[PDB]
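To begin, one chain is listed below as structure tokens, in the form deposited in one PDB entry.
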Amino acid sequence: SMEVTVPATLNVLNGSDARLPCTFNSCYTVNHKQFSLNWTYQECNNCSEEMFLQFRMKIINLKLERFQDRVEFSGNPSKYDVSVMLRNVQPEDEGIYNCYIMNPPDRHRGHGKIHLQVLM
């Protein structure tokens, strides 16, 4: 298991901006080319892994139409925080958010799970 710290639950007031913290303490240094971060979302608990944020030496946003342009990245991974920021949270944004880490040279593949809840 990798040292990934994510809040399993986070509650946010509808219409507001929310930050989704994904932080790792993987011992090996971050090489931009080796390092991979992929961000997905689940409408229902066991729905499809709706990827929305790739990483290829830079922030690659799938730019989802359920997430038109309120999604931007909220960290500096070479300081080991990879959180993601959502502007103007809305109730379909309710669901599962997941951060998956890869830290070459390190072999192990990490996983973060955050369930975002939306207030009213």
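Between two forms, the rigid core is defined as the largest C-alpha subset superposing within 1.5 Å. Only residues modelled in both forms are compared. Numbers follow the displayed sequence, beginning with 1.
Omitted from view is the form deposited in another entry, to which the following refers.
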Determine whether the C-alpha of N76 shifts by 2 Å or more between this form and the one not shown once the rigid core is superposed.
no
Superpose on the rigid core, then tell me if the C-alpha of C47 is displaced by 2 angstroms or more between this form and the one not shown.
yes
Mobile segments between this form and the one not shown [3+ consecutive residues, each C-alpha shifted 2 angstroms or more, core superposed]:
43-50, 66-68, 118-120
